[PDB]
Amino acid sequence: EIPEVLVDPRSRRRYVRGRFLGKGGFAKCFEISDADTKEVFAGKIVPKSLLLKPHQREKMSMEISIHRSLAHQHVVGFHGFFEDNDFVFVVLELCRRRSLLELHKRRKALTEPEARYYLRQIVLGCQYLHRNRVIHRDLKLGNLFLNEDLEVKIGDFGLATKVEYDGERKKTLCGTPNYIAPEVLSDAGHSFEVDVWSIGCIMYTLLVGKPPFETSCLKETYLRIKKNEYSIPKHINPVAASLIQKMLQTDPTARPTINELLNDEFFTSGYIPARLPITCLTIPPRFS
């Protein structure tokens, strides 16, 4: 059973469980508000019984360690964590318009300026992480959250890692990323370049309204990733289709860096809206 009111022995601050938001994988997530301040946050409550298997205790510890060290306006605000004997409580920024998964599911393909709007904010968030020697390793629609004003906030640092030294490549992952990069598939070792691959996969989905490689069965899906088999519809704009091709390459070193990515003709020469209307979640907007 989960307590109605969540108490923090450390800072003597206490919260009240609100509406059920859903299961964040291994977690049970609710709206919460501080007893005194009345400020609303997104609680992430993990059974400590599931954090008994060390392999899972490791993941949880690293997630909080990387996320609590990060403050950027396109990264989910980490507002603290604490635990009792039964649960671990993680207090995060509440993003009132959920994630790009919900948008994608409602809207399918977006307009090119909408695609561009969200993608710049994602790249900006990701450029901050990379600069702070952090690889997310699991960027997907589901963990790219939208605040009230449809500002993109990168969250879910479950599979994220910290690069210790210049040149480091990683092998081991405490979980299976949504978008498997070729160098993760082949277990070749990987670095920052995995994040560019997923942004390429994310860019494709936003413009095409379907994932690039995903098929009925996983065996064909992974074979397509291995041989770099995908088709960009003839209806996609050249410049954008070019930037997708640049990102979705078998060779990690061949892909743009997050810094080069942001300076693509797609971003520099294309129209970026300053603000999107809230109708964009359900109906395609007019720009012209």
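The numbering used is simple: start at 1 and walk along the sequence shown.
- Of the two segments examined, 29-37 and 246-254, it is 29-37 that shows the higher average Cα temperature factor in the deposited entry.
- When the mean C-alpha temperature factors of 177-185 and 77-85 are read from the deposited coordinates, 77-85 comes out higher.
- Of the candidates 206, 217, 95, 91, the one whose C-alpha carries the top B factor in the deposited record is 217.
- Annotation for residue 192: CA B-factor lies in the lowest third of the chain's modelled residues.
- Compared with the other modelled residues of the chain, the Cα B-factor recorded for residue 278 ranks in the lowest third.
- Remark: residue 285 belongs to the middle third of its chain, ranked by C-alpha B-factor as recorded.
- Annotation for residue 165: C-alpha temperature factor in the highest third relative to the rest of the modelled chain, per the entry.
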